[PDB]
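> Below you'll find the sequence and an experimental structure to go with it.
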Amino acid sequence: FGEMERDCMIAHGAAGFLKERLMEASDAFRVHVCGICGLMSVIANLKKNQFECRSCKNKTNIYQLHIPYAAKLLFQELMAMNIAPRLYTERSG
Amino acid sequence: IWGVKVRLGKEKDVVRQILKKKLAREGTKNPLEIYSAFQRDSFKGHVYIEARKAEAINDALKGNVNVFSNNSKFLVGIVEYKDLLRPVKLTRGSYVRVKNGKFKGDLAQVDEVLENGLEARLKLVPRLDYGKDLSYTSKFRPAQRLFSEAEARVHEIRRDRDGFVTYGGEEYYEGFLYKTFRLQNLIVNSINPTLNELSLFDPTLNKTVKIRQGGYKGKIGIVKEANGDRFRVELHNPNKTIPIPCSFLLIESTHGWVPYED
Amino acid sequence: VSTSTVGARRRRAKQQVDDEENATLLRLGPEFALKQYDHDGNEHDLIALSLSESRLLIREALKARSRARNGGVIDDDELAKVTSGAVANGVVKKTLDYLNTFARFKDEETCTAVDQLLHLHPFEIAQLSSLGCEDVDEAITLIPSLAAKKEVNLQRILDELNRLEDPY
Amino acid sequence: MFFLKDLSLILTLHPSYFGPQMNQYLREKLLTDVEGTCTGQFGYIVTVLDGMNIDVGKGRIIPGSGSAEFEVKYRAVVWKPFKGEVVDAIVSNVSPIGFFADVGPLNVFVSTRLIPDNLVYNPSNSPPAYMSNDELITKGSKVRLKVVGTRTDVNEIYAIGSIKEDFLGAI
Amino acid sequence: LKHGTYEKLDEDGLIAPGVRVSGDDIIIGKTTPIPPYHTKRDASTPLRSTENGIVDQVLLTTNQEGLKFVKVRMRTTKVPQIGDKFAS
Amino acid sequence: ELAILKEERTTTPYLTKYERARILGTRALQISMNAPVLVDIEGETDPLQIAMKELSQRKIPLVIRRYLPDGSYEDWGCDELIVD
Amino acid sequence: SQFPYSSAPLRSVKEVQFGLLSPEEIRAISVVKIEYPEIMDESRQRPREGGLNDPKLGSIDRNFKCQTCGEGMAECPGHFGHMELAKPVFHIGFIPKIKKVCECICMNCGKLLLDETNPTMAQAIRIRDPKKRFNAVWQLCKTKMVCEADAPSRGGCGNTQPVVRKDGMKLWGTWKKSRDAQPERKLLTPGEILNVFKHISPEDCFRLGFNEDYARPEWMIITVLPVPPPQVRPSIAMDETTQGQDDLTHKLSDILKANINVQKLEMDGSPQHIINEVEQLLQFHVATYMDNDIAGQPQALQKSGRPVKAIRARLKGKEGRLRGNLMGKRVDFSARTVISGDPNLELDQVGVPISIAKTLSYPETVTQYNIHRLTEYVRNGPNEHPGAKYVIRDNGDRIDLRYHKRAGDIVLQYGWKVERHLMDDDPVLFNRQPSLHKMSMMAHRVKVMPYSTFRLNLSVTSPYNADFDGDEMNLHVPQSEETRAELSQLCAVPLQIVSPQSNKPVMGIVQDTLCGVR
Amino acid sequence: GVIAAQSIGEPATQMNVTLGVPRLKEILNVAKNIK
Amino acid sequence: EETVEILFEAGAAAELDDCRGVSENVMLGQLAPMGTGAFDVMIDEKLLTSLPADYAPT
DNA sequence: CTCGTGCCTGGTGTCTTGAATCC
DNA sequence: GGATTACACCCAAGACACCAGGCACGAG
RNA sequence: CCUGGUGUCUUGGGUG
Ligand SMILES: [Mg+2]
Ligand SMILES: [Zn+2]
Ligand SMILES: [Zn+2]
Ligand SMILES: [Zn+2]
């Protein structure tokens, strides 16, 4: 599903279809982020049901995201080059 | 003293070549006006040359195929000279790591050293098979385990003393191998004990079938999948695998194609 | 899980140690700031509640809801059975019984008298009502923030509290 | 220490619950999930105010899943204790390492090195008590302590007290 | 082990000419030992998933280094059908 | 705050092709998860068909929140928007 | 749904805040310190703790659970390590900006060379965009060739400032000592510049377009390197029992070895001229680890002779992460074959080969109105059409109907899903490359047919610019109730008859039918 | 936006002053010195 | 174009991306503010109350 | 039986000098 | 001085070197 | 008695 097929679905205005193709029908992945620092630094044990971002000492303000695996990969490669991509779930202006 | 960059691994060769040139030109009208040259192992890719004029350095290296042609020599300060010539352990009862053989990487106690001073007797946890597959390498060796003389007695041995056996021409005392290694074959510095060292110290599938009813009657096949009642026969004749009911099949056995009494 | 009106709390360059909850230093944390906002964005003073107010509201809310559960049809042990689940039964019963043995003004007549008497930071005004005191000497020791305010009436506060206080 | 707090809860509703009494189901659902629970951020949520009249707003439909998301804004009575706050209590247990005191929902532990020397644990007395001459600490005895430290387990919070100071003790 | 059938191999590890094969069937069985019983790992070759036909001929020999060396030629017949391409 | 009062709504009173497609799909999805259906179902039992039947009788219980560029919005019920 | 339940609230991303990772933060998120370049314990299985495959960094193996999160390899994201550098080195990406900062500040105390007293400069601080403001400031201060101790005291030190020049990975500064005399340009090491940057005030940090919380200027110098988890650099097996390492794994070994030798110098035999060769080499390896296309110097090479695949090269170009995996990617539920025409199909139909129709599937939710119908599909199984391949419970466990021998004993519950075969009148998206305009992708109704070509009614060949001389076309199957409706109500063939390109039709009667109709 | 992009680009893919693709290129590239 | 350079420069100047573009949301796999995604769908609690009482949630 | 030479395996580490337009 | 240079797809055809040390075998 | 992994990087030749 190349770049030119992406554009055709935009022209049709079929935004819902395009989202599903590139996620549920491919490499959908769940990540956890810290609500304070916005990094994917959460250590999540799901059977023990305990979460902690050690940097923020935060066990309560934590969100889960659905993003492409290849996007998760991209952010870890950016972190490895000292670039911080902080994902926040709310605006502020 | 000038330093000069040379091809890695060729430092000793360059020092040699400089000596030959010096000795060959002694007493001639064009002596090589260097006093000495040397190369320190710790300083890879460099030779140091002692002289009074820089031109003599160029003269010493002229035509040397191991020297980089770029005009890269550098001056050493008088206050740095002696450090260039600094020459620089092992005690009985201490630990070392073996650097060669099937015991490469293993921790060993220094038991004793040779009179001359070269090889050291090491106490080692053995890696043995008790001759199990006889008629060794570090990649195809055995797990470490103390020597067991009763296991050797049972399976494959000379008693030498209390708790001392010679087994396959190696000595084991109280379960440990005692074996001589060159001192150059052991590591005595910066050893890091490991975690482990701290702990220690259906009956018709795939059978040929003939079909006796239906449009495919008389054809050979093989039972590809027999989930229940409906079989999957991979027909031989066209490249197709068909779904077929169990009433329709003959199976081959010792005597001919037999109905569902097999 | 459950969140409030107060949001974001994004990172700032200078840290802060006016956050650690200390009732003596009036540090109530980021959720219990002096000026809060309700679910419409309107400004609002922090609502700290004395033991006497709290007993009336909680008991009223439980019996109005109990009446509502009965289509529109006193004792603490009866009022706590309105909750759903043994976990809920526990916390609610223990809170009423605790208030049953430490609320001086156990009726709305006396309580409204105390309400009008008390109605200047809003947290201190609520503290004075919860902790019974005899004299001015006893109030500024256990609550050392009342020291440098230079506005007593304290004595007449304690006298009215103790006079309204029924015998036992 | 009691407060009134305006809170909110994100509720996800399965589409099979989309009937004419949707709001009433949500009101029951909010109460079952929130009443009696504790968080380190606000404390114990004791009772929610005006439960049968809460305005739930409109539900956002989640793209791709069909379920509906409500933000139920509400107002509750909350109880959180604080470090520095002097409070009364009712003793629940007495032991060689101190005592345990029930202050409403939770229990506070006061250790022995923060208890004055003249209060001596007396097991031989019937009933057992911390005793003096004009002082009497039996179960249900009004005692005055000061909260000197709050620890958070985000499920139940734990506070440690002290009677090693002036005017604190039995009255 | 691979998911396909191993029942067409003879005892020498090689399939014999004349046997029809379908996709994912193993036609050359080979193992590799696992370094430090139950010591080997499968390294067998299955027929390409989209193909079928008859084993026609099996060459067995050794290579320049002296180890064993096999080739299996498979033949099938392709009959023109809808979608096949032709040109003058 | 952001919400615009009913008397002052300015966006178009016709259902757009994009709003129509989203409404039909969302309502279809809810029916396949066994949401209560508000019309009689006769012979036509496909999820999409039932949702299209509800649309034609103005009986879909959903509200469009149309966002304007500044972030404010007008809520329009699908019961009141005119469908061609 | 394929994700196990988690109590954390689900939200979407509204903002991406870029910035730099401070040295302190890198240690705070790290789960292990990395010191030893030997990957294996001693080649006797289980990789060495503190080594580059320390199991705390994560699992890429199906049988070892992560010792940090307890999750399997599928869910486990991997956790970062950190590698302490004996000496601070430059980040190769930020050198030209570092160079720009030197001409702006005082090389002794670090204060901005101009004040609001300068009228033109007071106009330049008003510029709202940080990048343009920083450039406008530097455009003024560039000609200011001495840091003044006194206002035109401003906190200055009085020193004249050097003209800093870049020479590969090294920066040279030429100071004009006080007509003409002799100037002595010494090397401006990373460590020297590092200390100068920490003394820059918060007020001057803002005026330089940097940001006190997110992009603090001393964080452009690297002191501790984040060690990516094995998911970023997986191992591959060339010929089954032989595995080679990723280019990054080999390159991190080189940085780690080179790091130990810097520690091996400062405690004994350092002939100074040797310290400069070893420190520059650490700078080199850290540079080509991030960017191996540095202009003006030879590329780092693998022993095979081909250049090392640095991180920068991973992201750029047609096959990199952005253009090759994010703006477009390979997808499930697709099919492709040669096309043929059929006049006896409706305009909006597509003939789909039976074999393709048994491989593709649609997950239809079970309801009261179709439960009887769907049970019939389950009995027929995966090999008889019309049939079905999986039954999915609300928990997510799939039952594979190829291997279920007791298929007759399944009873379907409402809310489950049955992945049934593709069937008549299902909408599918049909597509021929190159997709030059929007009518390269239209929704057709499936009609299942024998033989292996896709069938098109002849009047749609024109918008696809398709013919039947060997062309192939692609088919995509929507996977949910919402997207079926989007296809039929927005993308369907009859809606596309008139194109907005030239307010006229793009399909008509063609070839035989047009010749014949005359 | 996208509709505009495709509507202009598609005719170009099938197509003494400069005309056709070289002239089109000068416009989008807003060259200072046209041919 | 200039893919890596943009991102290095974006880091050094702490750029904020407000996620309003189509391309931002596509690569993060979220419903983009375009076409069928240009609005939200809410549940009409008022219209549900005209249904009979036996349809009610318990 | 001892010594020397050759072969194989394992570990460590590079270098003789020798496609075109545009911004 | 670099960066730019259509899209998708199929299939067949390939892979570190040198030096040093240790062990085994053969010959004297 | 459920789960079930087979490579990569290039180069070259082709299809529309
Ligand atoms: Mg063609
Ligand atoms: Zn955090
Ligand atoms: Zn993990
Ligand atoms: Zn200065």
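Done, it's in. Residues are numbered from 1 along each chain as shown, chains lettered A, B, ... in the order given. Ligands and ions are numbered 1, 2, ... in the order given.
> Can you get me a residue count around residue B:163?
12 (other CB atoms under 10 Å in any protein chain shown). Placement of C-beta: from N, CA and C, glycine included.
> The closest residue to it other than its chain neighbours and chain H, how far apart?
With sequence-adjacent residues excluded and distances taken as CB to CB, 6 or more residues apart in numbering or on different chains, residue B:163 is closest to residue B:174, at 4.6 Å. In this structure, residue B:174 and chain H are 83 Å apart, going by CB to the nearest CB, to the nearest Å.
> which residues in the chain form helices?
Assuming you mean chain A. A:3-12, A:15-22, A:69-80 (DSSP state H).
> that answer is for a different chain, and I need it for chain F
Going by DSSP H, chain F shows helices at F:17-32, F:47-56.
> which stretch among those comes nearest ligand 2?
Closest approach to ligand 2 among those (CB to the ion): helix F:17-32, 35.5 Å.
> do that closest one and chain H meet at all?
No: between helix F:17-32 and chain H, judged by CB under 8 Å from any CB of the partner chain, nothing touches; the nearest distance is 14.1 Å.
> What is that helix packed up against?
Using 3 or more CB pairs under 8 Å, 6 or more residues apart in numbering or on different chains; DSSP states H and E as the contact criterion, the elements in contact with helix F:17-32 are helix F:47-56, strand F:62-67, helix G:481-486, strand I:39-43.
> end-to-end on stretch E:48-67?
Distance across stretch E:48-67, first residue to last, is 25 Å (CA to CA, to the nearest Å).
> circling back: could you redo the helices of chain A as a markdown table and give each row distance to residue G:260 and mean neighbour count?
Shown next, in a markdown table, are the helices of chain A (distance: least, CB to CB, whole Å; neighbours: other CB atoms under 10 Å in any protein chain shown):
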| stretch | distance to residue G:260 | mean neighbour count |
| --- | --- | --- |
| helix A:3-12 | 45 | 21 |
| helix A:15-22 | 45 | 26 |
| helix A:69-80 | 21 | 20 |
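> So which residue is smack in the middle of chain A?
The residue lying closest to the centre of chain A (CA atoms, centre = their mean) is residue A:67, at 4.0 Å.
> what number of residues lie near the nearest residue to residue A:12 once chain neighbours are set aside?
Nearest residue to residue A:12, sequence neighbours excluded (CB to CB, 6+ apart): residue G:491, at 5.1 Å. Number of residues near residue G:491 (other CB under 10 Å) recorded here: 26.
> and if you look at residue C:35?
Neighbours around residue C:35, by other CB under 10 Å: 8.
> From the chain's centroid, how far away is the helix or strand containing residue B:24?
Using DSSP states H and E, residue B:24 sits within helix B:11-25. Centroid separation for helix B:11-25 versus its chain: 37 Å, with CA atoms, centre = their mean, to the nearest Å.
> Same question for stretch G:201-214.
With CA atoms, centre = their mean as the basis, the mean position of stretch G:201-214 lies at 29 Å from the chain mean.
> which residues sit in contact with residue D:66?
Neighbour list for residue D:66: D:15, F:26, F:29, F:30, F:33 [criterion: CB atoms under 8 Å, 6 or more residues apart in numbering or on different chains].
> Max pairwise distance over those residues: which two?
Maximum pairwise distance among the contacts of residue D:66 (CB to CB): 11.1 Å, between F:26 and F:33.
> The two: who's more crowded?
residue F:26 (25 against 19).
> isn't the more buried one right next to residue F:62, touching?
Yes: assessed by CB atoms under 8 Å, residue F:26 is found in contact with residue F:62 at 7.0 Å.
> Grab the nearest non-local neighbour of the residue of the stretch 301-450 of chain G found nearest chain D.
With CB to the nearest CB as the measure, residue G:415 is the residue of the stretch 301-450 of chain G nearest to chain D, at 8.6 Å. Leaving aside its sequence neighbours, residue G:415 sits nearest to residue G:394 (CB to CB, 6+ apart; 5.7 Å).
> Near the one you found, how many other residues are there?
11.
> can you check the one 4 residues further on too?
By the other CB under 10 Å criterion, the neighbourhood of residue G:398 contains 13 residues.
> now do residue G:517
Neighbours of residue G:517 under the rule other CB under 10 Å: 7.
> Kindly report the same for residue G:310.
23.
> Ok, residue G:316 next?
The tally of other residues near residue G:316 (other CB under 10 Å) stands at 17.
> likewise residue I:46?
12.
> Can you tell me how far it is from residue D:20?
Distance, residue I:46 to residue D:20, by CB to CB, to the nearest Å: 11 Å.
> quick one: the residue of the stretch 301-450 of chain G closest to chain D and residue F:34 touch, right?
Yes: using CB under 8 Å, residue G:415 makes contact with residue F:34 at a distance of 7.1 Å.
> So between these two, which is more surrounded?
residue F:34 (18 against 15).
> ok, that one touching residue G:371?
No: look at residue F:34 against residue G:371 with CB under 8 Å: they stay out of range, at 11.1 Å.
> Residues that sit against both of those two, list them.
With CB under 8 Å, 6+ apart as the test, residue F:34 and residue G:371 both reach residue G:414.
> The residue nearest to residue G:275 when sequence neighbours are not counted and ligand 3, how far apart?
Of all residues not flanking residue G:275 in the chain, residue G:265 sits nearest, at 5.7 Å (CB to CB, 6+ apart). The gap separating residue G:265 from ligand 3 is 37 Å, by CB to the ion, to the nearest Å.
> do the same with residue C:116
Between residue C:116 and ligand 3 the distance is 61 Å, computed by CB to the ion.
> now residue B:230
Residue B:230 is 46 Å from ligand 3, by CB to the ion.
> before we move on, what about residue C:151?
60 Å.
> Please apply the same query to residue G:106.
For residue G:106, the distance to ligand 3 equals 47 Å [CB to the ion].
> got a list of what that residue touches?
G:113, G:147, G:156, G:157, G:159, G:161.
> before we move on, what about residue G:300?
G:251, G:284, G:285, G:288, G:292, G:307, G:308, G:310.
> The residue lying closest to the last one once chain neighbours are set aside: how many residues sit nearby?
Read that as residue G:310. Nearest residue to residue G:310, sequence neighbours excluded (CB to CB, 6+ apart): residue G:292, at 3.7 Å. The tally of other residues near residue G:292 (other CB under 10 Å) stands at 20.
> quick one: contacts for residue G:292?
Contact analysis of residue G:292 by CB under 8 Å, 6+ apart lists G:299, G:300, G:307, G:308, G:309, G:310, G:312, G:313.
> Contact partners for the residue nearest to the fifth one when sequence neighbours are not counted?
Spelled out, it's residue G:309. Counting by CB to CB, 6+ apart, residue G:309 lies nearest to residue G:247, which is 4.4 Å off, once chain neighbours are set aside. Listed by CB under 8 Å, 6+ apart, the contact partners of residue G:247 are G:233, G:302, G:308, G:309, G:310.
> Quick check, central residue of chain E?
residue E:27 (3.0 Å).
> I meant to write chain G there.
Closest to where the C-alpha atoms of chain G average out (CA atoms, centre = their mean) is residue G:321, at 4.6 Å.
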